[PDB]
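Let's start with one chain on its own, the form deposited in one PDB entry, as structure tokens.
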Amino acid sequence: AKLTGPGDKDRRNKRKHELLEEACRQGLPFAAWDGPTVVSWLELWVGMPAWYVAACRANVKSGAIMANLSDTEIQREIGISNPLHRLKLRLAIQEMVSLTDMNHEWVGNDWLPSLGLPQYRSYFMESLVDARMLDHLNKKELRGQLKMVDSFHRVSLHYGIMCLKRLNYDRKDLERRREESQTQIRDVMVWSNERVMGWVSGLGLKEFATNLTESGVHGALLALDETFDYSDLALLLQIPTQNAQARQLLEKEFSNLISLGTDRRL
């Protein structure tokens, strides 16, 4: 960016932290905040689109009203008919009350592809799914709205989330752990789809590794699921059944992988 202004990313990010600082400095609990205060909160910290914040500017006069807003009241005063958008909101206001980064862009552009699930990017982002919402996803919400009809992908998703909880949602810690496991066969729970593909081609199976793209195969699944053996992985690599040598290298090396880099009972 050659020209800079208040519309930049870091400018809006600093103003966000400055309004928050101003809130927690003045001492006001969430329920005491003004009208203008909660609508600048919706834009900047929650990240709602302008049409939501317009309906909030016209219908919510205080944080007290907002906090007590029922599910059906949200739909008619803020205008949010989207259930996952509501969820984003209820968790947001809930977090603020109890307290008085990893947003949907991160989930969509970073996390999801590392799970080997990039296809679902559009739907997750359209629904504004941040990290905070992941454990609160219904089976109905996954199947329908987020289009995950493949049950394995929901499982793949499930173990991805479990991994995040194992790491207390620390993105910095996650990224570091991934870096330190690039060259060794240790702690595969943190392994991405790349790293797994990178592992597979290292065994001498370069011709199948690319077939793990959009497969939902990632390290957290291998490490946390006991029902997942080499045969599951074999057909996800689209390995010919008659190919006995491959299904040998894979089986042996899959055993080395789990034994050396997980805590699984096999």
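So that there is no doubt, residue numbering starts at 1 and follows the sequence shown. Note that the rigid core is defined as the largest set of C-alphas that superpose within 1.5 Å between two forms. Shifts are known only where both forms have a C-alpha.
The form deposited in another entry is left out here; the points below concern that form.
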At a 2 Å cut-off on C-alpha positions, does residue 19 qualify as shifted between this form and the one not shown after fitting the rigid core? yes
Indicate whether residue 241 shows a C-alpha shift of 2 Å or more between this form and the one not shown, with the rigid core used for the fit. yes
Could you tell me whether the Cα atom of residue 9 shifts by at least 2 Å between this form and the one not shown after core superposition? yes
Relative to what's shown here, the Cα pair residue 16 and residue 60 differs by 3 Å or more in the other entry. Does it come closer or drift farther? closer
In the other entry, the Cα separation between residue 25 and residue 171 changes by 3 Å or more relative to the shown form; did it shrink or grow? closer
Using only residues present in both forms, find each stretch of at least 3 consecutive residues where all Cα shifts reach 2 Å or more between this form and the one not shown, with the core as the superposition reference, and list them in order along the sequence. 4-21, 24-27, 241-243
